[PDB]
């Protein structure tokens, strides 16, 4: 079992000093997945946005600390449920290889609390995707039940055979806000991708 390197896999860049502080710009090492043009190029607190946030002692958002390190990665969509999806994408340098089983793990957070008198209860749903090239090889579309204030680990697996059409294409990861409920924000942390011989 070997790890595949991922840039800023725990959203630890940038460092954030103050409890419950956050950014509203795409985290370093990631791009914004924006198939429905829901997230604007220039973001502020109340536009749809993504960014990083510090989860440490003092936090109103969780009954635990960040799954890894200090920070999580966050995606907020202000449009009504049903309007589309958005999130994080990263294309890796590793390529799809035959007779290999890929295991993608990421922690998904349903933050609770209240922000400027707006309840953060509720959840939009999530999807975690493993890609080769432009193809979604395997995905967890919203299978875990995550209560307000907790994280759960999503696991996505895929086995590439020697006849897979997408061998030698670049691997990729997407972490998606489904916008299928309110409050329509969620967090991700601790992205891990490992490889092993196929079963």
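Residue numbers count along the first chain shown, from 1.
Chemist: When the Cα temperature factors in the entry are averaged, is it 99-107 or 118-126 that ends up higher?
Modeler: Taking the mean C-alpha B-factor of 118-126 and of 99-107, the larger value falls to 99-107.
Chemist: When the C-alpha temperature factors are averaged for each of 37-45 and 137-145, which stretch ends up with the higher value in the entry?
Modeler: Comparing 37-45 with 137-145, the higher average CA B-factor belongs to 37-45.
Chemist: Ranking the modelled residues of this chain by C-alpha B-factor as given in the entry, is residue 185 in the lowest, middle or highest third?
Modeler: Ranked within chain, residue 185 CA B lands in the lowest tercile.
Chemist: Where does the C-alpha B-factor of residue 132 rank in its chain, lowest, middle or highest third?
Modeler: Its C-alpha B-factor, which the entry lists for residue 132, ranks in the middle third among residues of this chain.
Chemist: Tell me, lowest, middle or highest third: where does the Cα B factor of residue 94 rank within its chain?
Modeler: For residue 94, whose C-alpha B-factor we compare with every modelled residue in the chain, the answer is the highest third.
Chemist: Taking the entry's C-alpha B-factors for this chain, is residue 51 in the lowest, middle or highest third?
Modeler: Ranked within chain, residue 51 CA B lands in the middle tercile.
Chemist: Quick check on the deposited entry: does the C-alpha B-factor of residue 66 sit in the lowest, middle or highest third of its chain?
Modeler: Middle third, going by the recorded CA B-factors of the chain.
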